[PDB]
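Trainee:
Residue numbers (PDB author numbering), protein chains in the order written: chain E, 9 to 167; chain J, 417 to 689, 705 to 776.
#1: So, for residue 672/J: in the same chain, excluding its five sequence neighbours on each side, which residues have a beta-carbon less than 8 Å away from its beta-carbon?
#2: With 8 Å set as the bound, which would you pick, yes or no: does the beta-carbon of residue 721/J sit closer than that to a beta-carbon of chain E?
#3: Let me see if you follow: with CB-CB separation under 8 Å, is residue 104/E close to chain J or not?
#4: Take residue 562/J and list the residues in its own chain whose beta-carbon comes closer than 7 Å to its own, dropping the five residues that flank it on each side.
#5: Pick from 634/J, 625/J and 660/J: whose alpha carbon is nearest that of residue 645/J?
#6: When the Cα atoms are used, what is the spatial distance from residue 132/E to residue 84/E?
#7: For residue 776/J, return the contacting residues in chain E, with the cut-off set at a CB-CB distance below 9 Å.
#8: Can you have a look at residue 49/E and say buried or exposed, based on whether 16 or more other CB atoms are within 10 angstroms of its CB?
#9: Mind checking the segment 124-147 of chain E against chain J and listing, in chain order, the residues whose C-beta falls within less than 7 Å of any C-beta there?
#10: Nearest-angstrom Cα distance between residue 477/J and residue 515/J?
#11: Which residues mark the beginning and the end of the alpha helix (DSSP H) in which residue 488/J is found?
#12: State buried or exposed for residue 450/J, treating a residue as buried only when at least 16 other CB atoms are found within 10 Å of its CB.
#13: Please tell me whether residue 141/E and residue 101/E are closer than 8 Å, where the distance is taken between their beta carbons.
#14: Check this for me: beta carbons of residue 602/J and residue 578/J, under 8 Å apart or not?
#15: Which whole-angstrom value describes the C-beta separation of residue 97/E and residue 136/E, a residue pair presumed to lie in contact below a C-beta threshold of 8 Å?
#16: Is residue 554/J near residue 623/J, with beta carbons less than 8 Å apart?
#17: Let me confirm a value: residue 761/J is counted as buried when at least 16 other C-beta atoms fall within 10 Å, else exposed. Which label applies?
#18: Helix, strand or coil for residue 502/J? Go by DSSP, reduced to three states.
#19: On the CB-based measure, 16 or more other CB atoms within 10 Å of its CB, does residue 678/J come out buried or exposed?
#20: Give me the Cβ distance between residue 643/J and residue 610/J, rounded to the nearest whole Å; I'm assuming they're in contact under 8 Å.
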């Protein structure tokens, strides 16, 4: 392979595949200060979910069986794309068609994010996810209401 | 209780009294009843006590102006709907059908060996009437042949139908040939059997009557009490007050030979006498969230599948639950289809 494939992999340096894993704080501050999603409304069109985040979300959704489960997803934004780099479960109790997250989820959110910031997790919460066990993937009325509430104040947010 | 009172008013109105209101004013007061009827918010409960009141009115042939009965239900049918008056329509049609049935049976009797008694029967129908066979009874030897005859008439005409006779609600008339004069009393089948038991002997004990008629204890005791009230059966101790006499299966009751009642039409047959809703609502809202757009019949079927396996709820309760959930703006109707619901949370 010699010179041809020596620099083609270069495990010492992150490849073009691992570029998305690097967090640029200055770029994030600039894009959140500019707020380009306020002028338009069909701004974000792509959602890039990491493999680990998808695996964790799928396993959490299946672990509930026929009962709904919910959690948060950390990530960032880039151009028109919302990137989800991780996900984390919430200690909630729900039924087959209703999950509320009354009083243990709201402390767990902040405490888990504080703990994650200690071990080098620079991403912030980008979205919330919940499972619909057996009736498709859609947004219900209360789901739309809480999505509006989250989006109106915490501007970058995808359900 | 007010609905019940209005319905008892209806009962008087249609039933029967010494004075029969004219057909012109009979509908006039019925119209006033329907004026207040629509003001009643709850309509389901009214049919509940109207069914048993009407059934007792018709099965005993105590109804007055049966033509007014047809118009009365006709007014009700256009008020609330077919489903609200479907059961009562069956009751009226059964009376009309059986009245025709009696006429053909009489003609069939003449062409064959005639009976010895005037026999009339109301066939009614199973599943629509509150009545049910509740008291065991042994058919008297005198009322058996005619019995069999009618069964034959009901086997050649209608095939695949089985009759379940109700001796509790059956009356009759009994003549006498041993009193001072010729009497003709009216009594139920139970009293007729008890009084016909004395045809061959003079005195019987209570147990000897219980084992001969196979009537249960409470009804037999009540029938003996009312018969003693009519002073037709005389105990050994005349001076004892009948009401306070304690009956045991050892008293030798004998037929009163010296009965001398002045009236020849003695009538001794005088008559006597929340949590689930929340479960249905939860099932309906869950089914609506699972299936975003549904039909009324499919929603009813799904509710019966998921929830009826527990306590078998009544369909009108589920319909009322659907209505109240609509009022709570939990699911909305869809234009273009009369029976279609969409889960609007």
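Cβ atoms here follow ideal geometry from the backbone N, Cα and C, with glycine treated the same way.
Mentor: The structure says:
#1: 647, 648, 649 and 650
#2: yes
#3: yes
#4: Within its own chain, the residues whose Cβ lies closer than 7 Å to the Cβ of residue 562/J, once the five positions on either side in sequence are excluded, are 531, 533 and 535, listed in chain order.
#5: 660/J
#6: 7 Å
#7: For the C-beta of residue 776/J, the chain E residues within less than 9 Å are, from N- to C-terminus, 148, 149, 150, 151, 152 and 153.
#8: exposed
#9: Answer in chain order: 142 and 143.
#10: 11 Å
#11: 482-496
#12: exposed
#13: no
#14: no
#15: The Cβ separation is near 12 Å, so there is no contact.
#16: no
#17: buried
#18: The answer is helix: DSSP assigns residue 502/J an H, G or I state.
#19: With fewer than 16 other Cβ atoms within 10 Å, it is exposed.
#20: 7 Å
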